[PDB]
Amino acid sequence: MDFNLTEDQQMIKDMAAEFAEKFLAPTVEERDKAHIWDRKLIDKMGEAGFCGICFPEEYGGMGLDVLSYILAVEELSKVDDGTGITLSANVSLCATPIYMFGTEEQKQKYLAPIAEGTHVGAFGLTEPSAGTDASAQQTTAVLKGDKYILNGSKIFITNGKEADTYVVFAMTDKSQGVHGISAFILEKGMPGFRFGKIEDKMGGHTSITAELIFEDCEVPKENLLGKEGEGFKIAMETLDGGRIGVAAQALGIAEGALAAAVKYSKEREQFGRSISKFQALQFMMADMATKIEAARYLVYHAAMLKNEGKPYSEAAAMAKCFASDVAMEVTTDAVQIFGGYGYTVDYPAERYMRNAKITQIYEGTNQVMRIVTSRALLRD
């Protein structure tokens, strides 16, 4: 065992902290208040290399490991976890399945520009009737000549509308149920592909979330990803990695919130002393700091297993569930530490608390995480 970062991991973490400080921090308050997803900023992140950390240089990336990428999502999320989830949807939800399942032709066409920073990616699985029950897909894809024709819709898609490239799931054979689903690579601008509602959320205001609509959408036949009927496996494998990303986002949001409260507590005086001198607040901040350290190693262990080519599905679900629960509890108390000031948008705590709640829900709810963990635990 070795708990030390590698030189590459540390370098990536430092690069991310520098990016966040220069490009995210000065504007996050304003962008949050105004609900802005700023594509020029997102482009600057992509140009700085973040989307290609963990992909081979032969596909436009840096050739580094999973944990370096996870560190960057965490570090960005300390400051602007809306940008953090933007990066994670790009890498874990879109690029990864193209990397894992795509032909060489698809990897060069679609993965490389995401890794290089040019293209934003999204993952279209969730439908009105298929959320947790993700296999209950009603979007259809029917092969007609040299095209699949897609009909349906997806909802709540991170980077939706603005993404260039989508990995979408549709039924090619309803009678084969979970074995009837296939994955497709779509481009923004394809015939019959349009966007619907942009969601107005509790939080995540610097992340864009949109409906996708397919009305006889024409998808070239070669943009089938993997084999017909492999789509569920692709979705589940992708989500196993994306849960590590969300875990990292939650970790960063928790760390951001605690760092803010610590600093406030040392500055704010009541009863002629800093509030950090009251033992109940000391103990609350001790518990916050402890839960965060405990979450951190779950997230890191999952990343490492993935990098080592070992099973990581259970580890990822554990990390996701624990980190997101931590973020919710930490951020709730960080608002408390600020007092009345914490309930106002002029201070940073309320943004962290609002943004924490979604970590418990997306990429699979924490109820799903517990299903995954208990299945693994209770297997013969």
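When you see a residue number, it is the position in the sequence shown, counting from 1.
Checklist entry - Would 1 to 9 or 370 to 378 have the larger average of its C-alpha temperature factors, as given in the entry? => result The stretch with the larger average C-alpha B-factor is 1 to 9.
Checklist entry - Per the PDB record, is the mean Cα temperature factor higher over 83 to 91 or over 193 to 201? => result In the deposited entry, the stretch with the higher C-alpha B-factor mean is 193 to 201.
Item to check | Of the residues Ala315, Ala349, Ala323, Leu64, the one carrying the largest Cα B-factor as recorded | outcome: The listed residue with the largest C-alpha B-factor is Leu64.
Next on the checklist: By the CA temperature factor listed in this entry, which of these ranks top: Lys291, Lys154, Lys310, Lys266?
Outcome noted: Across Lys291, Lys154, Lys310, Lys266, the entry lists the biggest C-alpha B-factor for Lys310.
Checklist entry - By its CA B factor, does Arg273 count among the lowest, middle or highest third of the modelled residues in the chain? => result Middle third, going by the recorded CA B-factors of the chain.
Item to check | CA B-factor placement of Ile53, once the chain's modelled residues are sorted into thirds | outcome: Answer is middle: the recorded C-alpha B-factor places it there.
Next on the checklist: Could you place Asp216 in the lowest, middle or highest third of its chain by Cα temperature factor, using the values in the record?
Outcome noted: As the PDB entry reports it, the C-alpha B-factor of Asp216 lands in the highest third of its chain.
Item to check | Third of the chain's Cα B-factor distribution that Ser77 belongs to, per the entry | outcome: Answer is lowest: the recorded C-alpha B-factor places it there.
Checklist entry - Mind checking which third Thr344 falls in for C-alpha B-factor across the chain? => result It falls in the middle third of the chain.
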